[PDB]
Each structure stands twice: as C-alpha cells, then as structure tokens.
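Novice: After the structure tokens below, expect a handful of questions from me.
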Amino acid sequence: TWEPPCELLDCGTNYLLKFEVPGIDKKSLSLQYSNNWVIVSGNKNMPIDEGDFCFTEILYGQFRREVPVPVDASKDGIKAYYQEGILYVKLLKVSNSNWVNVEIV
Amino acid sequence: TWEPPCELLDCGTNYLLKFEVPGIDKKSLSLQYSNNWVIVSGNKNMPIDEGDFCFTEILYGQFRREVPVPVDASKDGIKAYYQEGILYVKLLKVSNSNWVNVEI
Amino acid sequence: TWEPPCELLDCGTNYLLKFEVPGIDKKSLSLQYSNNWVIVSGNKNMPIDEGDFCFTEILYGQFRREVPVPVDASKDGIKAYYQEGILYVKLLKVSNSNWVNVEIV
Amino acid sequence: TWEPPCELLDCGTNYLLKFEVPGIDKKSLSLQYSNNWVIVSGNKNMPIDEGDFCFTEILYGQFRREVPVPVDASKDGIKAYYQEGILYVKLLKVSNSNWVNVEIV
C-alpha cells in the first residue's frame, strides 16, 4: 500500500541504512537480511482510536521495501534501532569479497 | 522548502493536528498559533556527522507549513508534543456548554 | 567513463541480465560476480582506424556498471553469452536460502 | 518513436555514417537516400519470448532518424552493412579529378 523512503550512508567501519517510518506499529516492524539484500516490512494502523479524520495526507497500511547492499556488507553483527521515527540498520563491513569472474562466450 | 505531510483529527474534547517530521532538528523546531492558523517550521539537516551518502531519497532542508484550523478550536490550552517522528498539536474545542463534568 | 544501459528479465527457471554494449573491444569485456552484485566493464576506443570525426553522438572510453541482482540469484552456474552488441548473463534461481532476522531494539 | 545515436566519419575517399542499433528487428529495417538526406527507420520488439521485465533502461518500439550528409557526398555507390548491433552506411565522395588511379593486381 506504500513504500518508505530510505537512505544508505557509508560511515567507514559500517554502513547505516535508514528508513523513514514515522508512527508505525513498532510491534509490526520486521526486517530480515539475505544475500546482501535488506527487507523491511511493517504496518501503519489508522488512528481509529484517536479520533475521526478531518483530512489526512498520511499514507496508512502495509509497507515493504527490498534494498540492495554493497558487497563488503556482512550478515554477522547487524543491529537495528527505531528512533525519532527512523529505522536504522547498522551493517558491518566484512573485508574479504569472493570476487568470482565469469567467462563470456 | 519542503512540506511535511499533516493530518487533522476530531476527538470531541480536542482537535489533534499531526505532522510527519522524522529526524528533524529538535532545537530548530518552531510552532506558532495565530488566527485559526497553525504554522510549523524547522530544519531536517543532512547527516554529515553520521556518514557519507551512497544514495538517499530523503528530503532534507528547511520546512514550513501553514495549516488552517477549524473555528471551534480554542486559542488557549494548546499543547504540542514530539514523539516517534511525529509532532502532535492538541487544540481544545471552544466549549458551548456551561456544564462541567466532575472527574471523581 | 560512461555506463551501458541494462535490463533484468525473469524467465522462471533463471534470470536474464542484459547490457547493451555495441561496438566495444570484445577482448576488453570483463564480467565479475560477488555477493549478488554483477560488475561489467570494458573499453570502447575511438575509430581512429576508420576515419576522423565529423560529428558523433556515441560514448567512447572506459565503462563499468555495478548492478545488484535479486535475492534468489545463485552464486553458482552463471553463463555469459555475447551476441550482436548485447552481453547476456543467465543467472540461476536458488533453492534453499539463509536469512537473518534482525531485532529492532 | 525513439532515435538511435549516430556518428559521421570522414574516411577520406568516403564517409561512414554509423547508427547504434543493438538488437532491432533485422527485418523491417529501412534505409533511404535522397538529396543529401539519409533516412533510417525500423522497429525493435520487446522480448515477450525471453522473460518478464524486472526493470529496463533499453528503449523499445519503432525508431526513425533523418541525417543530412555533407555537400561533398555522392548520391551514387552507397552501401549499407549491418553488423554487431551497428548499422554502417558508406557514402562515396563526388570525384574531384579526371585521372583515375589504376590498382595493379
């Protein structure tokens, strides 16, 4: 139903991957890493409890985002945080990269 | 300047105006109410201190937003909180009843 | 140092990643794989042997392009076939796949 | 109606017009010459039989390009050769001499 904008910073030691997800159900939040891809998915419930809509520009509902990650990013050591409405994913940088070469025919 | 998306809510007692402002400069942030207008403004700075861009689709910069507010919203009692990347502005409805509920 | 246009295709059994590299030194064409990232590179040098430029819209020089490739792309069994100015890369879809669930703290 | 990038080379005794056209339909490819104008046209079909787009930067559809050639160029002896995704159009130059050089075999 919608897609959060993301940002990737190189901070030298690690990468830091960021998703702009203000005001989501922090219990619905889910992120997995796999083969240098990062998958975030979650849900943003309408405020049925808070009151009735007068107007709204806010996107509600289900969201998902698959985002590639540089080669020197490692599966082991990943951390994530949800602060001030941003999901931060801190990935470490493995040094070695198995730089296989493909033959063309 | 960019604009943050906003939404209004009626909740009987009070209107609840909301702005999505994730990762903004809390010291910059600035909220003023005048004449059925709520004006919100601040800065969301690029994170030069965190690292170096590889790509970004985040909007950075200075934001202003004027929102007009219903007429039964009161100038008094106005409160604003910032939490989880959302600025809530809670405006009180101007009361039409002389009777006062007693909370007991 | 330009980059050639490219294209991803899903063929069920396999993925097909294409690059348009027309009129390049077929000897310079390199193609490396690492961690779901493909890196194609090469050199396309001027036609000084054919003649002298009256005008040209054609990009000459060195080129590389890094393209990330989907999660179910397989590290093993990549075939690269060059035909008629287009460099094809057939990637195998994988069967089992390890994931990591990250905790959002 | 996209248009392919092109190039004009002065090779002394002839001009070389070059249209970069990787993987067009070789059939339905139409060259014309009249009054110092070269008109190339044709079509490039989607790979409906190869897969399904995951993404693409390749322009598809029907193309056309109209190129003025030099005052120097002849309306005779024009030859066109398609190879490795490049269409070569080879124009002669209007002869400036009456002596004819005799290649001794």
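Going through the structure tokens in order, the chains are called A, B, and so on, while each chain numbers its residues from 1 and the ligands are numbered from 1 in the order shown.
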For residue 47 (chain A), list every protein, DNA or RNA residue within 12 Å, evaluated using only C-alpha atoms, and leave out those in the same chain fewer than 6 positions away; present the list as an mmCIF file with N, CA and C atoms, in the first residue's frame.

Specialist:
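Final file, part_24.cif:
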```cif
data_model
loop_
_atom_site.group_PDB
_atom_site.id
_atom_site.type_symbol
_atom_site.label_atom_id
_atom_site.label_comp_id
_atom_site.auth_asym_id
_atom_site.auth_seq_id
_atom_site.Cartn_x
_atom_site.Cartn_y
_atom_site.Cartn_z
ATOM 1 N N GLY A 23 5.741 6.759 13.054
ATOM 2 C CA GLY A 23 4.449 6.448 13.640
ATOM 3 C C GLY A 23 3.831 5.142 13.197
ATOM 4 N N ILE A 24 4.636 4.100 13.065
ATOM 5 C CA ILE A 24 4.150 2.809 12.684
ATOM 6 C C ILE A 24 3.976 1.968 13.938
ATOM 7 N N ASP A 25 3.305 0.827 13.788
ATOM 8 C CA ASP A 25 3.139 -0.126 14.880
ATOM 9 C C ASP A 25 4.476 -0.811 15.138
ATOM 10 N N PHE A 53 -11.197 11.324 11.089
ATOM 11 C CA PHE A 53 -10.390 12.090 10.147
ATOM 12 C C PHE A 53 -11.120 13.357 9.745
ATOM 13 N N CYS A 54 -10.453 14.494 9.855
ATOM 14 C CA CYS A 54 -10.956 15.681 9.183
ATOM 15 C C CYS A 54 -10.345 15.785 7.802
ATOM 16 N N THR A 56 -6.336 14.203 5.826
ATOM 17 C CA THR A 56 -5.104 13.475 6.077
ATOM 18 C C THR A 56 -4.333 13.340 4.783
ATOM 19 N N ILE A 58 -1.485 11.465 5.096
ATOM 20 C CA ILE A 58 -0.609 10.420 5.587
ATOM 21 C C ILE A 58 -0.998 9.111 4.932
ATOM 22 N N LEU A 59 -0.015 8.345 4.490
ATOM 23 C CA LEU A 59 -0.282 7.031 3.920
ATOM 24 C C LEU A 59 -0.346 6.009 5.041
ATOM 25 N N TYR A 60 -1.417 5.225 5.065
ATOM 26 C CA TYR A 60 -1.601 4.191 6.066
ATOM 27 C C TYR A 60 -1.522 2.829 5.403
ATOM 28 N N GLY A 61 -1.325 1.790 6.211
ATOM 29 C CA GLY A 61 -1.448 0.437 5.717
ATOM 30 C C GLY A 61 -0.122 -0.299 5.730
ATOM 31 N N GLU B 7 -2.110 15.826 9.161
ATOM 32 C CA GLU B 7 -3.490 15.366 9.222
ATOM 33 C C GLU B 7 -4.171 15.915 10.469
ATOM 34 N N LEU B 8 -5.469 16.208 10.338
ATOM 35 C CA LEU B 8 -6.304 16.719 11.416
ATOM 36 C C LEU B 8 -7.195 15.600 11.937
ATOM 37 N N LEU B 9 -7.530 15.643 13.224
ATOM 38 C CA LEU B 9 -8.470 14.679 13.800
ATOM 39 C C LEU B 9 -9.440 15.392 14.742
ATOM 40 N N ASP B 10 -10.730 15.042 14.661
ATOM 41 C CA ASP B 10 -11.691 15.421 15.693
ATOM 42 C C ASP B 10 -11.777 14.303 16.726
ATOM 43 N N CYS B 11 -11.668 14.665 18.006
ATOM 44 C CA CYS B 11 -11.716 13.721 19.123
ATOM 45 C C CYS B 11 -12.607 14.254 20.233
ATOM 46 N N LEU B 16 -6.726 17.180 16.988
ATOM 47 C CA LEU B 16 -5.358 16.677 17.042
ATOM 48 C C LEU B 16 -4.745 16.839 15.655
ATOM 49 N N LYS B 18 -1.427 16.797 13.202
ATOM 50 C CA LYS B 18 -0.236 15.940 13.210
ATOM 51 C C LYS B 18 0.651 16.245 12.017
#
```

Novice: Quick one: chain C onto chain D, least squares on all Cα paired in order, result as a compact mmCIF listing (two decimals) with N, CA, C and O atoms, in the first residue's frame?

Specialist:
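Once everything was written out, this is superposed05.txt:
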```
# COMPACT_ATOMS: atom_id res chain seq x y z
N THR C 1 10.29 9.00 -31.74
CA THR C 1 11.05 8.71 -32.96
C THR C 1 12.53 9.15 -32.87
O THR C 1 12.93 10.17 -33.46
N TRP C 2 13.32 8.35 -32.15
CA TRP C 2 14.72 8.59 -31.80
C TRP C 2 15.64 8.31 -32.99
O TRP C 2 15.20 7.95 -34.09
N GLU C 3 16.96 8.47 -32.77
CA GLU C 3 17.95 8.06 -33.77
C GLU C 3 19.10 7.33 -33.09
O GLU C 3 19.55 7.74 -32.02
N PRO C 4 19.59 6.26 -33.70
CA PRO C 4 20.63 5.45 -33.09
C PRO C 4 22.00 6.09 -33.28
O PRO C 4 22.23 6.76 -34.29
N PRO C 5 22.93 5.88 -32.36
CA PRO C 5 24.27 6.44 -32.53
C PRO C 5 24.98 5.75 -33.68
O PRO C 5 24.68 4.61 -34.02
N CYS C 6 25.94 6.46 -34.29
CA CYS C 6 26.63 5.91 -35.45
C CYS C 6 28.10 6.30 -35.44
O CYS C 6 28.55 7.09 -34.60
N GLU C 7 28.84 5.77 -36.40
CA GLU C 7 30.30 5.87 -36.35
C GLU C 7 30.87 5.66 -37.74
O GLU C 7 30.48 4.72 -38.42
N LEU C 8 31.79 6.51 -38.17
CA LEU C 8 32.44 6.34 -39.46
C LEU C 8 33.88 5.89 -39.26
O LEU C 8 34.54 6.34 -38.33
N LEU C 9 34.34 5.01 -40.13
CA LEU C 9 35.67 4.44 -40.01
C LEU C 9 36.32 4.40 -41.39
O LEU C 9 35.67 4.01 -42.36
N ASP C 10 37.60 4.77 -41.47
CA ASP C 10 38.37 4.67 -42.71
C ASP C 10 39.27 3.44 -42.65
O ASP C 10 40.16 3.36 -41.80
N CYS C 11 39.03 2.49 -43.57
CA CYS C 11 39.80 1.26 -43.68
C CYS C 11 40.60 1.21 -44.98
O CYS C 11 40.75 0.14 -45.58
N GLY C 12 41.11 2.36 -45.43
CA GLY C 12 41.82 2.42 -46.69
C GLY C 12 40.99 1.95 -47.87
O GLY C 12 40.40 2.76 -48.59
N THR C 13 40.92 0.63 -48.06
CA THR C 13 40.19 0.08 -49.19
C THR C 13 38.73 0.53 -49.22
O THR C 13 38.14 0.64 -50.30
N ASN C 14 38.14 0.83 -48.05
CA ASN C 14 36.71 1.06 -47.91
C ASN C 14 36.42 1.86 -46.65
O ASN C 14 37.26 1.94 -45.75
N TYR C 15 35.22 2.43 -46.59
CA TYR C 15 34.67 3.07 -45.40
C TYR C 15 33.74 2.10 -44.67
O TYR C 15 33.04 1.30 -45.29
N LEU C 16 33.69 2.21 -43.34
CA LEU C 16 32.82 1.39 -42.50
C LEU C 16 31.93 2.29 -41.65
O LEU C 16 32.40 2.90 -40.68
N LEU C 17 30.64 2.35 -41.99
CA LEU C 17 29.65 3.16 -41.27
C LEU C 17 28.79 2.25 -40.39
O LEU C 17 28.10 1.37 -40.90
N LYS C 18 28.84 2.46 -39.08
CA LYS C 18 28.18 1.60 -38.11
C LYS C 18 27.03 2.33 -37.43
O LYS C 18 27.07 3.54 -37.19
N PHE C 19 26.00 1.56 -37.10
CA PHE C 19 24.91 2.03 -36.26
C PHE C 19 24.72 1.04 -35.12
O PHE C 19 24.79 -0.17 -35.33
N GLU C 20 24.49 1.55 -33.92
CA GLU C 20 24.12 0.72 -32.77
C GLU C 20 22.61 0.59 -32.73
O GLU C 20 21.90 1.52 -32.33
N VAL C 21 22.09 -0.56 -33.14
CA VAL C 21 20.66 -0.80 -33.05
C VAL C 21 20.44 -2.09 -32.28
O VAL C 21 20.14 -3.15 -32.87
N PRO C 22 20.56 -2.07 -30.95
CA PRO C 22 20.44 -3.31 -30.19
C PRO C 22 18.98 -3.60 -29.88
O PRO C 22 18.24 -2.69 -29.48
N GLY C 23 18.55 -4.84 -30.09
CA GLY C 23 17.20 -5.25 -29.76
C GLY C 23 16.11 -4.56 -30.56
O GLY C 23 15.14 -4.06 -30.00
N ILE C 24 16.27 -4.54 -31.88
CA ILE C 24 15.25 -4.00 -32.76
C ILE C 24 14.70 -5.13 -33.61
O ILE C 24 15.35 -6.17 -33.80
N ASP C 25 13.49 -4.93 -34.14
CA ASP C 25 12.87 -5.90 -35.04
C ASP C 25 13.71 -6.03 -36.31
O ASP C 25 13.56 -5.22 -37.23
N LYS C 26 14.59 -7.05 -36.37
CA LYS C 26 15.52 -7.19 -37.49
C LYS C 26 14.81 -7.20 -38.83
O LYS C 26 15.44 -6.95 -39.87
N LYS C 27 13.50 -7.47 -38.84
CA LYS C 27 12.71 -7.42 -40.05
C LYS C 27 12.40 -5.99 -40.49
O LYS C 27 12.24 -5.74 -41.69
N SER C 28 12.33 -5.04 -39.55
CA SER C 28 11.98 -3.66 -39.88
C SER C 28 13.16 -2.86 -40.41
O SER C 28 12.97 -1.73 -40.89
N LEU C 29 14.37 -3.41 -40.35
CA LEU C 29 15.61 -2.69 -40.61
C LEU C 29 15.76 -2.35 -42.09
O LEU C 29 16.11 -3.21 -42.90
N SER C 30 15.54 -1.09 -42.45
CA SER C 30 15.70 -0.65 -43.83
C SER C 30 16.92 0.27 -43.96
O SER C 30 17.32 0.95 -43.01
N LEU C 31 17.47 0.30 -45.17
CA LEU C 31 18.77 0.95 -45.40
C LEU C 31 18.85 1.38 -46.86
O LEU C 31 19.10 0.55 -47.73
N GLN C 32 18.66 2.66 -47.13
CA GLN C 32 18.63 3.18 -48.49
C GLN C 32 19.83 4.09 -48.72
O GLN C 32 20.33 4.71 -47.78
N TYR C 33 20.29 4.17 -49.98
CA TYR C 33 21.39 5.05 -50.37
C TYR C 33 20.93 5.99 -51.48
O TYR C 33 20.22 5.57 -52.39
N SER C 34 21.36 7.25 -51.41
CA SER C 34 21.17 8.15 -52.55
C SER C 34 22.12 9.32 -52.40
O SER C 34 22.10 9.99 -51.36
N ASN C 35 22.96 9.56 -53.40
CA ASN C 35 23.73 10.79 -53.51
C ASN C 35 24.56 11.05 -52.25
O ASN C 35 24.42 12.05 -51.58
N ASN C 36 25.41 10.08 -51.94
CA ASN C 36 26.30 10.12 -50.77
C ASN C 36 25.55 10.33 -49.44
O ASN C 36 26.15 10.76 -48.46
N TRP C 37 24.26 9.98 -49.37
CA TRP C 37 23.48 10.01 -48.13
C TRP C 37 22.89 8.63 -47.83
O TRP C 37 22.14 8.09 -48.65
N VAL C 38 23.16 8.11 -46.63
CA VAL C 38 22.63 6.84 -46.15
C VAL C 38 21.46 7.10 -45.21
O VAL C 38 21.55 7.99 -44.35
N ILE C 39 20.37 6.35 -45.35
CA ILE C 39 19.20 6.52 -44.49
C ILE C 39 18.87 5.17 -43.89
O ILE C 39 18.39 4.27 -44.60
N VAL C 40 19.10 5.01 -42.59
CA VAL C 40 18.75 3.78 -41.90
C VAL C 40 17.50 4.03 -41.08
O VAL C 40 17.33 5.10 -40.48
N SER C 41 16.59 3.07 -41.09
CA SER C 41 15.33 3.23 -40.38
C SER C 41 14.88 1.87 -39.86
O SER C 41 15.37 0.82 -40.29
N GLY C 42 13.96 1.91 -38.91
CA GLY C 42 13.46 0.68 -38.33
C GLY C 42 12.51 1.00 -37.22
O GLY C 42 12.26 2.17 -36.91
N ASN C 43 11.97 -0.06 -36.62
CA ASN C 43 11.09 0.07 -35.47
C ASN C 43 11.56 -0.85 -34.37
O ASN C 43 11.97 -1.99 -34.62
N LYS C 44 11.51 -0.36 -33.13
CA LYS C 44 11.88 -1.15 -31.96
C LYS C 44 10.67 -1.08 -31.03
O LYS C 44 10.44 -0.06 -30.39
N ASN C 45 9.90 -2.15 -30.95
CA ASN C 45 8.66 -2.09 -30.20
C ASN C 45 8.83 -2.71 -28.82
O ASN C 45 9.78 -3.44 -28.55
N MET C 46 7.90 -2.35 -27.92
CA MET C 46 8.01 -2.67 -26.51
C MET C 46 8.07 -4.17 -26.29
O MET C 46 7.60 -4.95 -27.12
N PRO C 47 8.65 -4.60 -25.17
CA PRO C 47 8.57 -6.01 -24.76
C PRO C 47 7.31 -6.27 -23.93
O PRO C 47 7.37 -6.60 -22.74
N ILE C 48 6.16 -6.07 -24.56
CA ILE C 48 4.90 -6.45 -23.93
C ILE C 48 4.83 -7.97 -23.78
O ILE C 48 4.19 -8.48 -22.85
N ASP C 49 5.52 -8.71 -24.65
CA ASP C 49 5.56 -10.17 -24.60
C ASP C 49 6.52 -10.69 -23.54
O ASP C 49 6.41 -11.85 -23.15
N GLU C 50 7.48 -9.87 -23.11
CA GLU C 50 8.40 -10.29 -22.06
C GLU C 50 7.88 -9.94 -20.67
O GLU C 50 8.02 -10.75 -19.75
N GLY C 51 7.25 -8.79 -20.50
CA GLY C 51 6.74 -8.42 -19.19
C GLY C 51 6.25 -6.99 -19.18
O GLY C 51 6.02 -6.39 -20.23
N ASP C 52 6.09 -6.44 -17.98
CA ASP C 52 5.59 -5.09 -17.79
C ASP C 52 6.63 -4.22 -17.10
O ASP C 52 7.35 -4.68 -16.21
N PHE C 53 6.69 -2.95 -17.49
CA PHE C 53 7.82 -2.10 -17.14
C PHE C 53 7.80 -1.71 -15.67
O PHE C 53 6.86 -1.06 -15.22
N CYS C 54 8.85 -2.06 -14.94
CA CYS C 54 9.08 -1.44 -13.64
C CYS C 54 9.79 -0.10 -13.81
O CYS C 54 9.40 0.90 -13.20
N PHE C 55 10.86 -0.08 -14.59
CA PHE C 55 11.44 1.17 -15.05
C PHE C 55 12.31 0.84 -16.25
O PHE C 55 12.75 -0.29 -16.42
N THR C 56 12.52 1.84 -17.10
CA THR C 56 13.28 1.61 -18.32
C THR C 56 14.00 2.89 -18.71
O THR C 56 13.48 3.99 -18.51
N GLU C 57 15.21 2.73 -19.24
CA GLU C 57 15.99 3.81 -19.81
C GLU C 57 16.16 3.65 -21.31
O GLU C 57 16.97 4.36 -21.92
N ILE C 58 15.41 2.73 -21.91
CA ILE C 58 15.66 2.26 -23.27
C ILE C 58 14.69 2.96 -24.20
O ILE C 58 13.50 3.07 -23.88
N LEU C 59 15.18 3.45 -25.33
CA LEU C 59 14.35 4.20 -26.27
C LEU C 59 13.64 3.23 -27.20
O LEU C 59 14.28 2.45 -27.92
N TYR C 60 12.31 3.29 -27.19
CA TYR C 60 11.47 2.47 -28.04
C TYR C 60 10.77 3.35 -29.07
O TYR C 60 10.66 4.57 -28.92
N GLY C 61 10.31 2.71 -30.13
CA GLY C 61 9.59 3.42 -31.14
C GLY C 61 10.26 3.32 -32.49
O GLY C 61 11.14 2.49 -32.72
N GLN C 62 9.83 4.18 -33.39
CA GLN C 62 10.43 4.23 -34.70
C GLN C 62 11.70 5.05 -34.65
O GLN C 62 11.87 5.94 -33.81
N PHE C 63 12.61 4.74 -35.57
CA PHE C 63 13.84 5.50 -35.70
C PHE C 63 14.22 5.60 -37.16
O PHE C 63 13.99 4.67 -37.94
N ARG C 64 14.77 6.74 -37.52
CA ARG C 64 15.52 6.92 -38.74
C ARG C 64 16.73 7.76 -38.41
O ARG C 64 16.76 8.47 -37.39
N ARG C 65 17.72 7.68 -39.27
CA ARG C 65 18.89 8.52 -39.20
C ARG C 65 19.38 8.69 -40.62
O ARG C 65 19.49 7.69 -41.35
N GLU C 66 19.59 9.94 -41.03
CA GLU C 66 20.24 10.27 -42.29
C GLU C 66 21.67 10.67 -41.99
O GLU C 66 21.92 11.57 -41.18
N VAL C 67 22.62 10.01 -42.62
CA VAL C 67 23.99 10.41 -42.39
C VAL C 67 24.64 10.64 -43.74
O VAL C 67 24.53 9.77 -44.62
N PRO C 68 25.27 11.79 -43.99
CA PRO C 68 25.99 11.96 -45.24
C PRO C 68 27.30 11.22 -45.11
O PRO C 68 27.80 10.99 -44.01
N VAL C 69 27.83 10.83 -46.25
CA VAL C 69 28.93 9.89 -46.31
C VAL C 69 29.96 10.54 -47.23
O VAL C 69 29.56 11.30 -48.13
N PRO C 70 31.29 10.34 -47.02
CA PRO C 70 32.28 11.21 -47.67
C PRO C 70 32.26 11.27 -49.20
O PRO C 70 31.52 10.54 -49.87
N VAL C 71 33.10 12.17 -49.74
CA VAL C 71 33.04 12.50 -51.16
C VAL C 71 33.47 11.31 -52.00
O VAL C 71 32.87 11.01 -53.04
N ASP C 72 34.54 10.61 -51.57
CA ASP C 72 35.03 9.41 -52.21
C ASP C 72 34.27 8.18 -51.82
O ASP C 72 34.83 7.10 -51.97
N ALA C 73 33.05 8.27 -51.32
CA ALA C 73 32.23 7.08 -51.17
C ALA C 73 31.58 6.74 -52.50
O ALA C 73 31.18 7.62 -53.27
N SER C 74 31.48 5.44 -52.78
CA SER C 74 31.05 4.96 -54.08
C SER C 74 29.58 4.56 -54.05
O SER C 74 29.15 3.83 -53.14
N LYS C 75 28.82 5.02 -55.04
CA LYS C 75 27.42 4.63 -55.15
C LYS C 75 27.26 3.13 -55.31
O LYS C 75 26.22 2.58 -54.95
N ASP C 76 28.28 2.45 -55.84
CA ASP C 76 28.20 1.05 -56.24
C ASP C 76 28.91 0.15 -55.24
O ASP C 76 30.02 0.45 -54.78
N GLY C 77 28.28 -0.99 -54.94
CA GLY C 77 28.95 -2.05 -54.21
C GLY C 77 28.82 -1.98 -52.71
O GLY C 77 29.74 -2.43 -52.00
N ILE C 78 27.72 -1.45 -52.19
CA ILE C 78 27.57 -1.28 -50.76
C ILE C 78 27.09 -2.59 -50.15
O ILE C 78 26.05 -3.12 -50.56
N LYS C 79 27.82 -3.09 -49.17
CA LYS C 79 27.39 -4.29 -48.46
C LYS C 79 26.98 -3.91 -47.05
O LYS C 79 27.65 -3.09 -46.41
N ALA C 80 25.88 -4.46 -46.56
CA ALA C 80 25.42 -4.17 -45.21
C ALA C 80 25.34 -5.48 -44.44
O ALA C 80 24.57 -6.37 -44.81
N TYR C 81 26.11 -5.59 -43.35
CA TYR C 81 26.15 -6.78 -42.52
C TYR C 81 25.66 -6.45 -41.11
O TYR C 81 26.27 -5.60 -40.44
N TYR C 82 24.59 -7.12 -40.65
CA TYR C 82 24.11 -6.99 -39.26
C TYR C 82 24.73 -8.07 -38.39
O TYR C 82 24.53 -9.26 -38.66
N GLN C 83 25.38 -7.66 -37.30
CA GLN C 83 25.85 -8.63 -36.32
C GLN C 83 25.77 -8.04 -34.91
O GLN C 83 26.24 -6.92 -34.68
N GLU C 84 25.13 -8.79 -34.01
CA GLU C 84 25.17 -8.55 -32.56
C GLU C 84 24.75 -7.13 -32.18
O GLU C 84 25.44 -6.42 -31.44
N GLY C 85 23.58 -6.73 -32.66
CA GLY C 85 23.04 -5.44 -32.31
C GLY C 85 23.67 -4.26 -33.03
O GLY C 85 23.26 -3.12 -32.78
N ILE C 86 24.63 -4.50 -33.92
CA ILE C 86 25.28 -3.42 -34.66
C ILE C 86 25.11 -3.67 -36.15
O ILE C 86 25.38 -4.77 -36.64
N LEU C 87 24.62 -2.65 -36.85
CA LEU C 87 24.42 -2.68 -38.29
C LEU C 87 25.61 -2.02 -38.97
O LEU C 87 25.84 -0.82 -38.80
N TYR C 88 26.36 -2.81 -39.75
CA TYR C 88 27.55 -2.35 -40.46
C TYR C 88 27.22 -2.05 -41.92
O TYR C 88 26.41 -2.75 -42.54
N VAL C 89 27.87 -1.03 -42.47
CA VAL C 89 27.75 -0.67 -43.89
C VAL C 89 29.16 -0.46 -44.43
O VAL C 89 29.88 0.45 -43.97
N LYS C 90 29.59 -1.31 -45.36
CA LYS C 90 30.88 -1.19 -46.03
C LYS C 90 30.66 -0.50 -47.37
O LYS C 90 29.94 -1.02 -48.24
N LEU C 91 31.27 0.69 -47.51
CA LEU C 91 31.21 1.50 -48.72
C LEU C 91 32.56 1.51 -49.41
O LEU C 91 33.61 1.61 -48.76
N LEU C 92 32.53 1.43 -50.73
CA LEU C 92 33.75 1.41 -51.53
C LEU C 92 34.24 2.83 -51.79
O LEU C 92 33.45 3.74 -52.05
N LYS C 93 35.55 3.03 -51.70
CA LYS C 93 36.09 4.29 -52.17
C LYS C 93 36.06 4.29 -53.70
O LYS C 93 36.20 3.25 -54.34
N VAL C 94 35.85 5.47 -54.27
CA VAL C 94 35.75 5.61 -55.71
C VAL C 94 37.12 5.97 -56.28
O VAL C 94 38.03 6.39 -55.55
N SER C 95 37.27 5.78 -57.59
CA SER C 95 38.51 6.05 -58.30
C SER C 95 38.48 7.44 -58.92
O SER C 95 38.98 8.41 -58.34
N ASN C 96 37.92 7.54 -60.12
CA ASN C 96 37.73 8.85 -60.71
C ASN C 96 36.49 9.49 -60.12
O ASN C 96 35.61 8.80 -59.59
N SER C 97 36.41 10.81 -60.20
CA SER C 97 35.34 11.56 -59.57
C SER C 97 35.17 12.89 -60.29
O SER C 97 36.15 13.60 -60.48
N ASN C 98 33.95 13.24 -60.66
CA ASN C 98 33.71 14.51 -61.32
C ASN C 98 33.50 15.60 -60.29
O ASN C 98 32.78 15.42 -59.31
N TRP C 99 34.13 16.74 -60.54
CA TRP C 99 33.98 17.92 -59.71
C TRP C 99 33.42 19.03 -60.57
O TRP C 99 33.26 18.88 -61.78
N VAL C 100 33.09 20.14 -59.93
CA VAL C 100 32.60 21.33 -60.61
C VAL C 100 33.27 22.52 -59.96
O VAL C 100 33.18 22.70 -58.75
N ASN C 101 33.92 23.34 -60.75
CA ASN C 101 34.45 24.58 -60.22
C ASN C 101 33.40 25.67 -60.42
O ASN C 101 32.96 25.91 -61.56
N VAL C 102 32.99 26.31 -59.33
CA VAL C 102 31.96 27.34 -59.36
C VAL C 102 32.66 28.68 -59.38
O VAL C 102 33.68 28.86 -58.71
N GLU C 103 32.12 29.61 -60.15
CA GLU C 103 32.68 30.95 -60.21
C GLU C 103 32.03 31.83 -59.15
O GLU C 103 30.80 31.87 -59.04
N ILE C 104 32.85 32.56 -58.40
CA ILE C 104 32.38 33.45 -57.35
C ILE C 104 32.27 34.87 -57.92
O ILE C 104 33.28 35.56 -58.10
N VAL C 105 31.05 35.33 -58.16
CA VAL C 105 30.82 36.51 -58.98
C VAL C 105 30.69 37.82 -58.18
O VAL C 105 30.92 37.86 -56.95
```

Novice: In Å, how far is it from CA of residue 26 (chain B) to CA of residue 88 (chain B)?

Specialist: 13.7 Å

Novice: Enter the distance from CA of residue 51 (chain B) to CA of residue 24 (chain B), in Å, rounded to one decimal.

Specialist: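 Distance between the two atoms: 16.7 Å.
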
Novice: Write down as number ranges by chain the residues of region 22-94 of chain D whose backbone DSSP state falls under strand (DSSP E or B).

Specialist: D: 29-34, 37-44, 52-56, 61-68, 73, 79-83, 86-93

Novice: Interatomic distance between CA of residue 28 (chain B) and CA of residue 82 (chain B)?

Specialist: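 Rounded to one decimal, the two atoms are 12.9 Å apart.
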